[PDB]
Structures are given as structure tokens and as C-alpha cells.
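Colleague: Below is a structure I'd like to ask you about.
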Amino acid sequence: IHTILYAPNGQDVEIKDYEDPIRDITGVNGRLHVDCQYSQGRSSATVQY
Amino acid sequence: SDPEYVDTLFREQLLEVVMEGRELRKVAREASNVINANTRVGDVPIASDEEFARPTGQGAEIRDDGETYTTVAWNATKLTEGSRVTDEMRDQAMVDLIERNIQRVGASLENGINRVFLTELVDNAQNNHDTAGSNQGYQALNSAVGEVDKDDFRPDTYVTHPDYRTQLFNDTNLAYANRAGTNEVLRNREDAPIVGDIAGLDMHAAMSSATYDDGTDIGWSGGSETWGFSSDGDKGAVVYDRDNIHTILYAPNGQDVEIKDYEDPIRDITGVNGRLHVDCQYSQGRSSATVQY
Amino acid sequence: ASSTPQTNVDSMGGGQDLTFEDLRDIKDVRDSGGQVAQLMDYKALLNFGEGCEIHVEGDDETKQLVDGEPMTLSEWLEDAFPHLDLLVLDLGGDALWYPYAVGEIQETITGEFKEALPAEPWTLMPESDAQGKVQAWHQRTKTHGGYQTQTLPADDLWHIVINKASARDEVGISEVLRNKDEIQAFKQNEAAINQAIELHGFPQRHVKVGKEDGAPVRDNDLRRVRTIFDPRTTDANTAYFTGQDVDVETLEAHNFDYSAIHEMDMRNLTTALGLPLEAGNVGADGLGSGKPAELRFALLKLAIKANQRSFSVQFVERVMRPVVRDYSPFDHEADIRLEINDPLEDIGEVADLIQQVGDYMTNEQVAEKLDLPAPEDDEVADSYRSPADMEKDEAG
Amino acid sequence: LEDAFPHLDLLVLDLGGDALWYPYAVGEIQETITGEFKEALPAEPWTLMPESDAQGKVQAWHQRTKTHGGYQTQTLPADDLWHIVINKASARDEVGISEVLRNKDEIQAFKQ
Amino acid sequence: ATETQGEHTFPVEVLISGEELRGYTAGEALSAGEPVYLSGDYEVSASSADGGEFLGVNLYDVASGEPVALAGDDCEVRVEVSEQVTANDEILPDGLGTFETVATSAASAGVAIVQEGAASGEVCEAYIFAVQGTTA
Amino acid sequence: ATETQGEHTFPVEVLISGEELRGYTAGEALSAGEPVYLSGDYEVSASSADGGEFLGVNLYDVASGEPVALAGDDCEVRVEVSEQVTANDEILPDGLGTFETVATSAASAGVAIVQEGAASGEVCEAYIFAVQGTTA
Amino acid sequence: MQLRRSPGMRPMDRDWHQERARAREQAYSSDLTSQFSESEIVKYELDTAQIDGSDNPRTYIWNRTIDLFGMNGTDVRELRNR
Ligand SMILES: [K+]
Ligand SMILES: [K+]
Ligand SMILES: [Mg+2]
Ligand SMILES: [Mg+2]
Ligand SMILES: [Mg+2]
Ligand SMILES: [Mg+2]
Ligand SMILES: [Mg+2]
Ligand SMILES: [Mg+2]
Ligand SMILES: [Mg+2]
Ligand SMILES: [Mg+2]
């Protein structure tokens with residue numbers, strides 16, 4: 001089971017802290033692109049109630 | 001940078017100066033008690049007035065009349081001034097536009113402090129001396145000191161309009177060296193040491209005319225009085241205790257005015273912005289008297 | 001005669017003067033790297049990178065018990081400033097970049113001398129009196145994106161000016177600001193060459209489709225032709241087959257002499273900054289040898305001497321003497337001198353000189369020229385025959 | 001003399017350099033508070049110009065300088081100033097020539 | 001307006017997105033999330049009902065005469081509604097500190113579009129797209 | 001639009017706040033502060049007297065065929081009004097290079113709202129909130 | 001915000017000075033419409049430059065058809081009695 005992470009620059013979560021000098025505000029933003037896929041879904045079993 | 005025109009030697013060059021505009025008088029930091037606040041809102045605690053001890057019978061219970069307290073709140077308002085220019089202007093300007101806009105923004109914040117200070121000082125003084133024309137010179141200053149002394153406070157400072165200064169320096173008490181004990185007012189006018197040492201006051205703070213908030217300026221809602229000394233009912237000087245009027249300055253970074261130059265991340269604009277927060281509050285408004293025309 | 005200046009000086013900024021914005025321009029030129037920064041870095045290394053030596057005249061006459069132990073003033077100063085080579089290089093570099101180097105004296109908690117500690121020169125600028133002496137220092141610093149600001153008295157700071165406008169000038173000149181236009185002209189032409197190489201330095205394929213005066217070809221048609229001749233999926237030995245109405249034209253690489261423009265730019269900048277052309281990795285035919293070489297290396301060495309003496313005098317007079325006065329048992333009026341070493345002295349040329357005329361030099365003078373400790377025995381130090389000759393003579 | 005003029009190598013380069021740029025180098029003599037010799041003090045040569053009599057000798061110096069309040073102006077006697085001229089017009093010239101003003105056209109042609 | 005988590009009540013962030021935040025003087029005491037309109041020269045007061053009175057929403061609580069920050073057009077905002085609202089409803093000031101739908105009001109055009117629906121008295125999420133002033 | 005200080009006349013800075021500025025071609029000569037509208041492909045001309053002709057205000061004086069910087073909606077501007085105006089009034093291009101109120105015009109919807117009142121022939125401050133074109 | 005073309009900024013533009021200097025030096029009369037583009041008249045505010053041909057050197061330089069005496073190219077404002 002593969003958690004596929006993508007970042008256009010760097011390698012992981014982008015967290016940006018910036019200040020807007022027009023409004024006197026610090027913004028803190030973050031992003032990541034993520035997908036998750038089995039390579040072999042046969043390699044797992046759910047337990048069902 | 002890429003200047004479109006080169007500068008040749010021996011000053012055969014273009015005439016490369018800017019003449020200044022009108023500059024307003026800045027005094028509030030010297031003419032009041034300055035509080036550098038830790039918070040943008042806050043309180044100054046005020047103790048109640050002195051009383052008289054109570055006549056009482058022998059062996060009777062002594063009544064309580066303990067000290068009691070209130071506060072004056074400060075609630076500082078962000079004064080701001082900003083400017084934005086395209087990068088083509090910065091490159092092609094006759095002089096440094098960033099330097100000029102920095103100086104303009106700094107001056108606009110100082111003028112802001114002085115407006116807040118003068119408007120509080122004039123509007124909330126609890127005493128008044130009405131000259132009704134007549135003896136408007138030294139006698140008005142002495143009388144205004146009398147009005148504050150009659151409330152059991154002692155003033156030490158006065159703030160003055162240009163029209164009031166003009167009347168005062170025509171006063172025979174000050175204009176004649178015989179009567180003043182010095183010719184300093186006749187020679188050096190407002191720069192005379194006696195002008196800052198008169199009627200028991202030990203500081204003179206000379207204001208501009210435009211400083212008081214008429215409410216004609218954009219973003220400002222006016223004070224209750226007319227600042228001036230030209231016409232019936234104008235208030236043209238305030239005589240007061242400097243330790244009893246507080247200018248509260250708050251800034252989230254450092255102690256004072258914050259100027260930020262910045263470039264727009266998208267559009268080839270550069271700007272400069274200034275912030276400061278200020279409030280002004282009498283601790284004791286009874287310590288102050290206006291002089292009225 | 002007078003005991004105060006009766007001649008006035010230009011003073012107190014009544015535009016066309018220094019600002020903290022210009023100080024941060026200098027900071028930006030220094031920290032943005034590349035060729036301009038490396039040239040001014042070489043200028044610092046030539047002037048100050050060869051290290052220093054502290055001299056006192058009559059040093060033996062100073063010999064005193066300092067703290068239960070004997071020292072001379074030279075020995076005390078070498079302990080007061082252990083790493084003076086690094087300080088000289090830092091301050092000397094700063095005083096070339098900026099109008100001044102500037103800093104504090106500091107003390108241990110016990111109050112003994114700690115160090116002379118420089119302050120960041122882009123943060124500070126002076127206020128003078130009318131007679132042009134510095135009375136206060138105004139400091140502004142970025143904290144949390146704004147200029148937190150203070151003022152200091154000129155009492156306990158010190159400052160050094162290599163590039164004076166006049167011998168009375170306590171404010172000085174930045175060689176960066178002096179040559180601001182030459183620096184900008186260099187960076188402009190450098191950017192121009194880099195862009196011109198990308199556009200014009202390489203051939204580019206131009207496929208032209210359709211017959212002249214024939215049927216027109218639309219964008220969606222050119223898309224399919226693009227996939228055939230795509231440079232990104234082409235390989236070195238790809239071959240093409242076409243009808244007559246497809247032309248594989250070429251935008252040639254278009255010749256221009258970027259090497260000559262680089263050489264010209266480097267000549268302009270190096271000469272403006274007072275360096276020889278050779279410091280910019282550029283050579284010239286008529287200049288590499290003979291009297292044409294000897295002149296330019298003479299000029300460079302003279303420029304270094306002038307900067308070194310200007311620095312040495314101020315550092316002794318405005319750092320070392322105050323430190324001797326305030327933290328030392330010695331007389332601060334002593335004949336202290338700070339030598340700064342010659343960066344281009346050939347020891348093999350000095351050896352040739354000693355071999356030729358050593359018969360006229362005391363052994364101490366030889367040891368001084370040859371950069372050695374002077375001999376231990378005063379008579380051998382003072383004498384003119386070599387100590388190896390005195391040893392063989394004494395053995396004989 | 002070596003103790004009176006300890007930094008003469010610097011003073012010579014400053015004055016000599018000034019006397020190549022400007023028509024003259026010029027300066028004061030100064031005394032310690034006690035009245036012993038302090039230094040020969042160079043003045044800013046672009047601020048000073050000489051007034052001379054009919055025999056060609058300098059009698060006074062006229063100075064003007066920038067201040068916060070604009071230009072300040074004053075006149076000083078030739079008694080307590082001294083001056084040096086490298087570029088004389090004639091052996092009797094005591095005002096001299098600026099090599100820079102003399103070559104103004106050549107300098108402007110180079111710049112152009 | 002308020003969010004609950006366990007026993008706790010938290011204030012909601014009125015602003016979801018946008019940079020169109022502007023400064024005015026308050027003409028009266030105002031509460032975060034109230035719609036406001038120009039009562040005077042750079043002075044704003046709480047909007048009355050049925051249109052013609054909207055410049056933006058008040059971003060934080062203020063007393064009369066204090067400077068106030070306001071979110072205008074191009075801002076996504078969390079605002080209280082006086083009736084049930086659904087996505088794609090146009091809404092405008094209710095005259096009661098709330099918003100209501102254009103459909104319920106006497107007006108024919110809104111100032112914000114509801115992006116997430118909400119019940120009466122709840123907080124909806126909406127995007128501000130128009131001001132309204134005195135047209136006569 | 002101009003301000004007097006002693007002997008001097010100063011031009012007013014047209015744009016108070018905003019980032020919504022764009023480049024067009026002048027379809028005719030225009031003066032700083034004039035309202036303009038689309039008159040050809042990326043070409044702007046001075047707005048006529050009622051609705052349906054407004055994209056923004058011209059920021060600097062131009063001859064015909066020159067590139068024009070324009071301030072659009074989401075901008076606050078200093079603009080001359082041809083009649084007396086008050087805060088909250090919606091205003092509209094006047095056809096004379098000035099603005100006037102929606103109330104005075106033949107139209108019923110404005111393009112900017114007055115934040116700071118002014119007399120006839122005088123500079124108000126206003127926020128541009130809308131554009132108008134050919135609806136038929 | 002201010003742009004280099006915006007009316008309050010023109011006096012700070014080096015190019016506005018330099019082009020007004022050119023316009024004064026190249027004109028022969030105050031009739032701008034004949035001598036300059038509408039773009040130049042607007043961009044450089046040429047209505048307000050004191051353009052009249054009095055600063056153009058060709059107003060004063062002699063340019064006769066036949067030149068026996070080397071009179072051509074002499075400028076009257078450089079003579080002894082000027
Ligand atoms: K209703
Ligand atoms: K009409
Ligand atoms: Mg409180
Ligand atoms: Mg009892
Ligand atoms: Mg009581
Ligand atoms: Mg009373
Ligand atoms: Mg005087
Ligand atoms: Mg066909
Ligand atoms: Mg957005
Ligand atoms: Mg905005």
C-alpha cells in the first residue's frame with residue numbers, strides 16, 4: 001500500500017509563513033499533493049462486523 | 001537598474017533637486033507624558049481626591065473613608081500612511097523615491113500623533129479662561145494658570161496657536177526689554193528662553209494651525225472646539241500639567257513608528273507603509289485650562 | 001596660532017548625501033555574490049589578508065610587572081589582541097566596502113578588557129558637529145520586518161575611515177557607492193550576454209510547411225507536424241522522409257563576440273575599482289611583461305601602502321591607545337605602530353638582496369627583512385657578519 | 001621634526017594629492033591647549049579661495065561651506081593659513097591652476 | 001457567532017478567504033459578522049432591511065467611533081442567517097444583524113451567494129459579490 | 001482633478017487602493033481620472049452619459065492609440081463629480097469626464113459608491129464595485 | 001498608486017525634463033501641433049514648456065545659400081556685441 005506524496009518544489013509538506021505589509025497580517029498556509037494506492041489489494045483483508 | 005540618460009561631469013548635468021512642501025510642528029513626545037504600552041488597549045489607575053479628617057467625639061467609633069480607585073482606559077488606534085510606485089518610476093526618478101516616501105510616511109505618522117494629542121488636550125481640558133478680547137497676552141497666561149491653581153493642580157507647560165504667539169510677542173510685557181528683563185523676545189521671538197519660562201510654566205510647545213482635528217480631513221472625525229486665536233470663541237492656547245496628559249504609543253514591533261518598504265510579488269510595484277498606534281488621555285483634566293478669544 | 005579649527009567644513013546635510021538605504025544597497029552588492037563581490041573580496045585580501053605585526057619603539061624600556069608576571073607593552077598588546085589578523089581583515093574589508101568600519105570596546109564582568117567588537121556598518125551612520133567631528137551614531141535594524149531604531153553617543157564607539165573625501169572627513173566614502181554606476185553597467189551587460197547566449201548562441205529548427213502561394217496550413221495541422229520533428233524526442237541520427245512541401249530550415253547560431261564584451265566589462269569594472277585587469281581573469285598582450293608590467297604592479301603596491309597606513313594610524317590612535325589607557329598599567333603615549341604585511345613581497349627576491357648586500361646589514365635587519373625572530377644575543381643581533389660566521393669564528 | 005610630524009607620509013599624500021586635483025593645498029597650524037604644536041591641519045580646498053594684491057601674493061582667504069542652514073561664509077587672513085601650489089602658471093604665480101579644469105574638454109570628451 | 005466543541009463555545013472566524021479588507025469608522029457599536037453600510041464620510045453603521053445599504057461585513061466587535069475592519073466583495077465569509085438557506089441562494093442584510101434571502105426580502109438583488117446551506121439562526125458560508133448604495 | 005497649495009496646483013493621485021489594474025489601447029485622447037468603456041477589441045474610450053458604458057477609470061493622460069493603464073472594480077479612487085454627492089450615493093459616468101449620481105442619471109444602477117462626499121465640480125472618494133456594457 | 005505617466009509624478013521623471021529640453025531646442029515656434037506628435041504633447045505636457053523657438057540654436061546660426069566669406073555656421077549670440 002503506497003502513500004504517494006508530491007511537491008512541485010522540495011520533497012514534503014510546503015508550509016509558507018508570509019506577511020502582507022498592506023494589511024499587517026501574517027498568513028500561515030500549507031499544502032501537499034497526496035494519493036494512496038495499493039500495488040496488490042489482495043495483500044489485505046478488512047475485518048467486518 | 002537601467003537609466004535612460006547618463007550624467008556628465010563638471011555639473012553640466014540636469015538640475016537635480018526637489019523643493020520641500022510645508023512642514024508641520026511636532027511636539028507631542030516632549031509636551032506630554034509618553035507611555036510605551038505593552039498592549040494596544042490598557043488602563044491607567046487613578047486614586048480619588050484628598051479629603052478632610054472628620055471631627056469626632058471621644059471614645060466614638062472611627063468611620064471608614066478609605067482610598068478609592070478608577071481607571072482611564074487607553075484604546076490606541078492604528079494610524080497608517082502608505083505609498084506605491086511602479087518600478088519604472090524608481091529607476092527613472094530625479095531623486096530617490098523610496099527615501100522621499102519614507103520621510104513623508106514618517107512625517108505623516110508624527111503629524112498623526114500631534115493631531116491625537118492636541119485634540120485630546122484642547123477638547124478635554126476642564127477649565128477655561130475667556131479673554132473676551134481685552135488682555136490676551138501675559139495676563140491671559142497668568143489667569144489660565146489661576147484657573148488651574150483654583151482646582152488645586154499646578155500646570156507647567158503651555159501649547160500655543162500661531163495667532164496666540166503673534167498676540168503674545170506684541171505684549172508690552174515681553175516686547176519691551178525694560179518690562180521683560182531681557183531683549184530676547186524682541187530679538188529671537190519664540191526662540192527666546194523666557195517664552196519657555198513664563199507665568200511659572202517651564203515648557204512652551206508651539207503648534208501648527210492644521211494640527212487640531214477640524215474633521216475636514218479624510219478619515220478623521222472632528223473635535224468639539226475651534227483651534228485658533230482670530231475670532232470670538234476660538235481656543236488658542238492650553239495651559240496644563242505635562243505629567244497629567246498621557247500620549248500612549250503602541251507598536252507590535254519595537255517601541256515606535258514602523259516603516260516597511262516592500263515589493264509587490266506579482267506586479268512590479270514597490271511601496272512603503274508606516275504604522276503606529278496612538279491614544280491620548282488626561283489622567284486629570286482639571287490640571288488644564290484653555291485660553292479663549 | 002589657534003587651538004581649534006578656524007576654517008569651516010561642509011556639514012550636516014542642508015539630497016546628494018549618504019542614507020541607510022544606500023547602506024543597504026552596499027549590503028545587497030556584498031551579499032548577492034558573483035564576480036563584483038569576488039573582486040571587492042580580492043581587494044580586501046590584498047590590503048589586509050597578509051596579517052599584521054605590533055611594534056613599540058623602546059619596548060624593553062616598558063618592561064613592567066602586569067599581574068605578578070613581567071611584560072613589555074608589545075607582549076601586553078599581543079595578549080589584548082590575540083587574533084588581530086582576523087580583526088584587521090574584517091575591519092579593513094568593511095572600511096573598503098562601506099564608508100567606515102565601526103565598533104565597540106567591551107569588558108569582562110570583572111572589568112578587564114574583553115575585545116574590540118565591530119558593529120554591522122550597514123546598520124549605523126554618524127551625526128557630526130558643524131566642525132565635522134562625529135558626536136553621535138544613529139542605528140536602525142530590521143527586526144520582525146521593521147526598522148527597530150536607537151541612537152548612541154560617540155564616546156565609547158570607535159570608527160575607521162580608509163577612503164576620506166578630505167583629510168578632515170570623519171564620514172568617508174564607500175567605493176561601492178563611488179562606482180555604483182560602473183557596478184550597475186557591469187551587471188546590466190552580464191545579464192544581456194546571458195540572455196543573448198540563450199536566444200542566439202545555439203541553432204534552432206524552423207520547420208516550414210505547405211507550398212509558397214499553395215494551400216494554407218492551420219495551427220491544428222502544425223500540431224501533427226510538431227510531433228514528427230519534435231527536438232525533445234528526436235535523436236542524433238534520426239532521418240526524415242517528406243513530400244516537396246516541407247522545408248526543414250535552421251535559425252543559425254548568430255555570431256557575436258561576447259568574449260570581447262566580457263573583457264571590456266571586466267576592464268571597465270577592474271579599472272574603476274582600482275584593481276589590475278589580471279584580477280578579473282582577463283589578460284592583455286602589451287601589458288604582461290617589462291616596464292608595462294612593472295608600472296601596474298608598482299601602482300597596485302602603492303595603493304595598498306596608502307590604505308594600510310591610513311588603517312594602521314587610525315587603529316592605533318582610536319582602538320589600541322584607548323585600550324592601553326583604560327585597561328593597562330603601561331603609558332598610552334608610547335610609540336606604538338601597527339605594521340600590516342606586504343601581500344606581494346617575493347622572499348626569493350629578498351634572499352637575492354641579502355646575498356648581495358648582507359655585508360652592510362646588521363643581523364637584526366636581516367632577520368627583520370627575512371621575517372624571522374631577531375637573534376637572542378644582542379651583540380650577534382647588532383653585528384654585521386652573519387651568525388653562522390660568528391659561530392665558526394668563535395669555534396676557531 | 002620626526003616627533004612633530006609623526007604621520008608625515010599620510011599628510012604628504014593628502015596635501016600632494018589635493019595640490020594635483022585643485023590649484024592649491026591649504027591648511028592651518030594648530031596648537032595644543034597648553035600652546036605647544038599639535039599639527040598642520042589641511043582644510044577642504046574646494047571651500048577656500050585666495051584674495052591677492054597687485055604684486056601677486058595672497059593677502060586673505062575667502063571660505064564658504066555647507067551647513068544644515070544652507071551656506072556659511074567667512075574671510076580669514078593669510079597670516080595663520082599656509083598653502084602649497086604644484087601647478088603654477090608662472091614662477092611668480094601663487095594661485096596656481098587646476099589640472100582638472102585645465103583638461104575639462106579632454107575629460108568631457110572621454111566621458112562622452 | 002459561535003461554534004461548539006464538547007462543553008466549549010468558540011467564536012467563528014468571519015473571514016474564510018479574500019484580501020479585500022478595508023477600514024472605516026464605526027457610527028455605532030458593531031458585532032463581528034454584522035452587515036454594514038456607509039452612514040457618513042468613511043463611517044459605517046448596521047445595514048437596515050430591503051437593500052440599498054450594504055458595503056461589507058464587520059470583522060470584529062467594536063464600540064461607537066472606533067476604527068473597524070470590513071470584508072467586501074471577493075471575500076468568502078461565515079455569516080448568521082435568520083431563515084433556512086441553501087446553496088445558490090442570494091442573500092442580503094436582514095435589518096437584524098443577520099442575513100436573509102433575496103426571496104424573503106422586498107429586494108430583487110442580493111449581495112452574497114450562499115455556498116454552504118444552514119438552518120435559521122445558524123452560520124452559513126457565503127461569498128460576497130456586490131455592494132448596494134443609494135440609487136434613489 | 002487638482003488640489004491647491006499656496007501658489008501651486010498639484011494633480012491628485014487617482015488610485016487610493018486596489019490591485020485591479022490592466023492595460024488597454026486608447027480609442028481617443030483621455031485625461032487622468034476619466035471613466036472609460038470598451039469601444040473595440042481591448043480598446044477603451046470616454047464613457048457616455050447614462051448606463052452601459054463603464055470598465056474603469058483612466059490613470060494617466062494619453063493621446064489616441066497609446067497604451068492605457070486602467071483601474072477597474074475592486075479599486076478605491078479620487079474622482080471629480082459634476083454634482084453634489086454624499087456617502088452611500090451610487091455614482092455613474094456623467095458623459096462629461098466626471099461622475100454623477102445614479103439618482104440624477106436616466107439609469108438605475110451605479111458603478112461606484114461614494115465614501116466621502118463632495119460639492120459640484122470637486123473631488124470625492126469612491127469605491128468602484130461594478131462594470132456596465134451593452135445589455136440592450 | 002503612481003505610475004511614471006501619472007500626472008503628479010511627471011516632475012520626478014528624468015525623461016520628462018530631458019524631453020522638454022529637447023522640445024525647446026528643436027522647435028521654431030509655439031505652434032506645437034505642427035512640430036510634435038499628439039503623444040509627445042500629452043506625455044511631456046508641452047503646452048506648459050515655454051516652447052517658442054528662442055532656445056533653438058538654428059534661430060541664430062546663419063545659413064545663407066552662397067558662402068564666399070565663411071559666414072555660414074556663425075551664431076549671432078556668440079558675437080562681441082552680444
Ligand atoms: K422583510
Ligand atoms: K442627465
Ligand atoms: Mg480596560
Ligand atoms: Mg459599630
Ligand atoms: Mg470620603
Ligand atoms: Mg476648575
Ligand atoms: Mg537671532
Ligand atoms: Mg485555397
Ligand atoms: Mg480570492
Ligand atoms: Mg483592496
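So you can find residues: chains in the C-alpha cells are A, B, ... in the order shown, residues in each start at 1, and ligands are numbered from 1 in order.
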Return as a list in words the residues of protein, DNA or RNA that approach ligand 4 to within 10 Å, with only C-alpha atoms and all ligand atoms taken into account.
Modeller: residues 60, 61, 62 and 63 of chain B
Colleague: Would you mind listing the residues within 9 Å of ligand 5, counting only C-alpha atoms and all ligand atoms, as a VMD selection string?
Modeller: chain B and resid 48 to 52 64 to 68
Colleague: May I ask which of the residues C:87, C:276, C:168, C:303 is the closest one to residue D:15, counting only C-alpha atoms?
Modeller: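 So, comparing all the options, the nearest one is C:168.
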Colleague: Please find the residues of chain C near chain D - the criterion being any atom within 8 Å, counting only C-alpha atoms - and write them as an NGL selection string.
Modeller: :C and (1-5 or 7-14 or 130 or 166-168 or 306 or 309-310 or 313)
Colleague: Write to file, as a PDB file, in the first residue's frame, the residues of the selection just made, with C-alpha atoms.
Modeller:
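Saved the output as again.pdb:
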```
ATOM      1  CA  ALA C   1      48.069  80.243  16.441  1.00  0.00           C
ATOM      2  CA  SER C   2      44.637  78.777  17.293  1.00  0.00           C
ATOM      3  CA  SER C   3      43.790  75.679  19.403  1.00  0.00           C
ATOM      4  CA  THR C   4      40.525  74.976  17.473  1.00  0.00           C
ATOM      5  CA  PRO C   5      39.724  74.860  13.700  1.00  0.00           C
ATOM      6  CA  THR C   7      38.390  77.000   8.871  1.00  0.00           C
ATOM      7  CA  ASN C   8      34.895  75.550   8.489  1.00  0.00           C
ATOM      8  CA  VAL C   9      33.916  72.272   6.752  1.00  0.00           C
ATOM      9  CA  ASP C  10      30.908  71.051   4.718  1.00  0.00           C
ATOM     10  CA  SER C  11      28.462  69.644   7.345  1.00  0.00           C
ATOM     11  CA  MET C  12      25.000  68.444   8.487  1.00  0.00           C
ATOM     12  CA  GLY C  13      23.131  67.724   5.217  1.00  0.00           C
ATOM     13  CA  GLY C  14      21.454  71.102   4.452  1.00  0.00           C
ATOM     14  CA  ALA C 130      29.441  71.620  12.494  1.00  0.00           C
ATOM     15  CA  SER C 166      39.326  65.253   2.567  1.00  0.00           C
ATOM     16  CA  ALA C 167      41.896  64.797   5.369  1.00  0.00           C
ATOM     17  CA  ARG C 168      39.267  66.255   7.798  1.00  0.00           C
ATOM     18  CA  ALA C 306      48.263  54.118   1.336  1.00  0.00           C
ATOM     19  CA  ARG C 309      48.975  53.297   6.634  1.00  0.00           C
ATOM     20  CA  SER C 310      45.552  55.015   6.731  1.00  0.00           C
ATOM     21  CA  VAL C 313      47.240  55.025  12.152  1.00  0.00           C
TER      22      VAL C 313
END
```
Colleague: Grab the atom CA of residue B:206 to atom CA of residue B:192 distance for me, in Å with one decimal place.
Modeller: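 Computed distance, atom CA of residue B:206 to atom CA of residue B:192, equals 12.6 Å.
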Colleague: At a cut-off of 12 Å, which residues of chain A touch chain B? Count only C-alpha atoms and give the answer as a list in words.
Modeller: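 Therefore, the residues near the partner are residues 18, 19, 20, 21, 22, 23, 24 and 25 of chain A.
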Colleague: Show me which residues line ligand 6, defined as having an atom within 10 Å of a ligand atom where only C-alpha atoms and all ligand atoms count, and present them as a count of residues only.
Modeller: 17
